[PDB]
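Quick notes on the structure that follows.
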Amino acid sequence: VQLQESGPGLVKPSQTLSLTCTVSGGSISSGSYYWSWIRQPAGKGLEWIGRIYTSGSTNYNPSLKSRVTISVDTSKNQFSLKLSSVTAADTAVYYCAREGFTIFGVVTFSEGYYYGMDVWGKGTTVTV
Amino acid sequence: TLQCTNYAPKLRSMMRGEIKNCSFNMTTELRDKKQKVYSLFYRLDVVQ
Amino acid sequence: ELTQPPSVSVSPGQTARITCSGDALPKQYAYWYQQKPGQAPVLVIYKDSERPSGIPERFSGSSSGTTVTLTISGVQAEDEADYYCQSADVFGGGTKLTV
Amino acid sequence: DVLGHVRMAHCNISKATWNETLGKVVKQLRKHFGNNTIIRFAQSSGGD
Ligand SMILES: *[C@@H]1O[C@H](CO)[C@@H](O[C@@H]2O[C@H](CO)[C@@H](O[C@@H]3O[C@H](CO[C@H]4O[C@H](CO)[C@@H](O)[C@H](O)[C@@H]4O)[C@@H](O)[C@H](O[C@H]4O[C@H](CO)[C@@H](O)[C@H](O)[C@@H]4O[C@H]4O[C@H](CO)[C@@H](O)[C@H](O)[C@@H]4O)[C@@H]3O)[C@H](O)[C@H]2NC(C)=O)[C@H](O)[C@H]1NC(C)=O
Ligand SMILES: *[C@@H]1O[C@H](CO)[C@@H](O[C@@H]2O[C@H](CO)[C@@H](O)[C@H](O)[C@H]2NC(C)=O)[C@H](O)[C@H]1NC(C)=O
Ligand SMILES: *[C@@H]1O[C@H](CO)[C@@H](O)[C@H](O)[C@H]1NC(C)=O
Ligand SMILES: *[C@@H]1O[C@H](CO)[C@@H](O)[C@H](O)[C@H]1NC(C)=O
Ligand SMILES: *[C@@H]1O[C@H](CO)[C@@H](O)[C@H](O)[C@H]1NC(C)=O
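Protein sequences, first through last, are from chains A, B, C and D.
Residues in the first sequence are numbered from 41 upward in steps of one, following my numbering.
Residues in the second sequence are numbered from 48 upward in steps of one, following my numbering.
Residues in the third sequence are numbered from 73 upward in steps of one, following my numbering.
Residues in the fourth sequence are numbered from 812 upward in steps of one, following my numbering.
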């Protein structure tokens with residue numbers, strides 16, 4: 041599976057963003073996988089943005105919690121990220137990735153390690 | 048008195064915290080000697 | 073909740089020792105990535121020193137308490153990268169490795 | 812020790828079979844109790 045991000049490469053200061061990711065050769069439906077986004081300012085380390093389950097349940101990085109909405113289009117196999125008004129501090133690369141998980145036992149008992157992002161896209165670079 | 052920690056702290060499943068890794072100062076077959084013993088107990092077998 | 077050294081450097085053939093530390097580690101597994109400039113990060117270590125298939129035997133590591141070490145034995149020029157580690161609350165941070 | 816990975820013990824009951832089983836029990840309770848009333852099943856109330 042390949043991941044391809046897309047979105048504006050330029051947003052004005054005090055203007056919102058909508059980014060998507062196509063899951064190519066894959067799907068968003070089931071499996072042990074979770075979908076997530078991570079940010080990387082050009083000169084900085086990584087900042088996790090948030091994660092979504094195929095069930096629609098989400099978890100956002102507290103630093104951006106009030107500013108972020110995540111959703112999956114399971115008909116399109118497209119993973120979306122919506123950001124509130126964007127500023128200079130947000131001039132970063134936004135990456136799409138699939139986080140893993142495995143199973144040892146009962147799925148309802150969560151018996152299955154955890155993996156971080158295993159499958160990565162290239163990243164949308166946004167100028168603010 | 049038994050000293051314990053969790054067997055597999057790095058577990059996110061229903062069993063996390065269920066199995067404890069405990070140590071004892073245990074009796075040996077000779078009256079004047081003790082041995083250190085490590086063993087596993089279930090949460091339901093012990094109290095703090 | 074993790075801290076990392078800002079950089080590590082080795083001569084080719086030496087072992088790089090990149091560490092992370094913090095309160096979540098005694099309870100959570102560390103995961104590590106090798107990020108080549110211009111590329112998305114590559115997972116090298118997961119679940120405390122297990123490596124994904126395709127990752128060189130150079131990559132190993134260990135942990136105790138609140139500190140986890142990512143060790144690369146026989147570090148080559150090809151290994152210079154931004155190294156990251158994570159544990160959760162749900163991410164960590166990283167160190168720059170030069171060779 | 813545990814030679815592998817920790818899992819929780821559990822029991823598997825066929826769901827449909829259990830539902831048929833309760834249907835039979837309810838039908839019979841109604842013969843002498845609650846002919847036209849409601850039978851509710853619930854989990855135990857508490858204790859060790
Ligand atoms: C009560 O009813 C429930 C069902 O509701 C049933 O739960 C099932 O328990 C079994 C226990 O084995 C679970 O089976 C595991 O499922 C995972 C899922 O993998 C999927 O995706 C891969 C992708 O390629 C597919 O290949 C695979 O077919 C599945 O689609 C498997 O990965 C597990 O495989 C491991 O265990 C097998 C056990 O014999 C091994 O043969 C196999 O080689 C794997 O073991 C290896 O890897 C382990 C870790 O990586 C390692 O520890 C081992 O040593 C070895 O290396 C396995 O098939 C199943 O998913 C459960 N289903 C649900 C819904 O939870 C209960 O068991 C049942 N209870 C009773 C009493 O019967
Ligand atoms: C309990 O385990 C037995 C196996 O020991 C299961 O029996 C099998 O059920 C499948 C269902 O299609 C049959 O195809 C097999 O032939 C059965 N095996 C035998 C030996 O009869 C049984 O279903 C399990 N029961 C529950 C409640 O899961
Ligand atoms: C055994 O006795 C010694 C005496 O000082 C004590 O320090 C130690 O913790 C005891 N060990 C256990 C496992 O009880
Ligand atoms: C159990 O029986 C009730 C009777 O109304 C039915 O509604 C329910 O769906 C049944 N459940 C199963 C698993 O068949
Ligand atoms: C009890 O329920 C059965 C169900 O068919 C019904 O035929 C019977 O007359 C009922 N008895 C009374 C006293 O209502």
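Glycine included, C-beta positions come from ideal geometry on N, C-alpha and C.
Using a threshold of 7 Å, is the CB atom of residue i nearer than that to any non-hydrogen atom of ligand 7?
| i | result |
| --- | --- |
| B/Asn53 | This structure does not include ligand 7; its bound ligands are ligand 1, ligand 2, ligand 3, ligand 4 and ligand 5. |
Cβ closer than 7 Å: which chain D residues qualify as neighbours of residue i?
| i | result |
| --- | --- |
| B/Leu58 | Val817 |
Determine the chain D residues that contact residue i at a beta-carbon separation under 8 Å, and present them in chain order.
| i | result |
| --- | --- |
| B/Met61 | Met819 |
What number of angstroms, rounded off, separates the C-alpha of residue i from the C-alpha of residue j?
| i | j | result |
| --- | --- | --- |
| A/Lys162 | C/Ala112 | 6 Å |
| A/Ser67 | A/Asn117 | 5 Å |
| C/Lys168 | A/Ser95 | 37 Å |
| C/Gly164 | D/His821 | 36 Å |
| D/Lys826 | A/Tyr134 | 45 Å |
| A/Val112 | B/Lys67 | 40 Å |
| A/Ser97 | B/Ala55 | 28 Å |
| C/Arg130 | A/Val63 | 32 Å |
| C/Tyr155 | C/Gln107 | 6 Å |
| B/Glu76 | A/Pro102 | 58 Å |
| B/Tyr89 | A/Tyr155 | 28 Å |
| B/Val84 | C/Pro77 | 39 Å |
| B/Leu58 | A/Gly152 | 9 Å |
| D/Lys842 | D/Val836 | 10 Å |
| A/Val159 | A/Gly47 | 19 Å |
| A/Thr131 | C/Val80 | 27 Å |
| A/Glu139 | A/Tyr73 | 6 Å |
| B/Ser86 | C/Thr87 | 37 Å |
| C/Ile144 | C/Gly133 | 8 Å |
| C/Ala96 | C/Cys157 | 12 Å |
| C/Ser93 | C/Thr75 | 5 Å |
| D/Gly834 | C/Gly137 | 55 Å |
Could you list which residues in chain B have their beta carbon closer than 7 Å to that of residue i, in chain order?
| i | result |
| --- | --- |
| C/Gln100 | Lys57 |
For my contact list, residue i and residue j are in at a C-beta cut-off of 8 Å; report their separation, rounded to the angstrom.
| i | j | result |
| --- | --- | --- |
| A/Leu123 | A/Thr60 | That pair is no contact at about 12 Å. |
| C/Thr139 | C/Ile90 | The Cβ separation is near 11 Å, so there is no contact. |
| A/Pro53 | A/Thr127 | 6 Å |
| A/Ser70 | B/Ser60 | That belief does not hold up - the Cβ atoms of A/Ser70 and B/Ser60 are roughly 20 Å apart, past 8 Å. |
| A/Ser76 | A/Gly90 | 6 Å |
Measuring only between beta-carbons, confirm whether residue i sits less than 8 Å from chain E.
| i | result |
| --- | --- |
| A/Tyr135 | Here the protein chains are A, B, C and D, and chain E is not one of them. |
Under 8 Å between beta-carbons, which chain C residues line up against residue i? List them in chain order, please.
| i | result |
| --- | --- |
| A/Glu87 | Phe163 |
In chain B, what lies closer than 9 Å to residue i by C-beta?
| i | result |
| --- | --- |
| C/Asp120 | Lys57 |
Select from the stretch 137-164 of chain A all residues with a C-beta closer than 9 Å to any C-beta belonging to chain B, and list them in chain order. So the list reads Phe144, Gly145, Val146, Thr148, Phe149, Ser150, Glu151, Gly152, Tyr153 and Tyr154, given in the order they occur along the chain.
Which runs of the beta strand (DSSP E) at least 3 residues long sit entirely within the stretch 106-143 of chain C? Give them in chain order. Unbroken beta strand (DSSP E) stretches of 3 residues or longer found wholly inside the stretch 106-143 of chain C: 114-117 and 131-136, given in chain order.
Quick one: which unbroken alpha helix (DSSP H) runs of 4-plus residues sit fully inside the stretch 831-857 of chain D? Chain order, please. Qualifying alpha helix (DSSP H) stretches: none in this window.
Which ranges does the beta strand (DSSP E) cover as unbroken runs of at least 3 residues, wholly within the stretch 96-130 of chain A, from first to last along the chain? Correct list: 98-100, 108-113 and 118-126.
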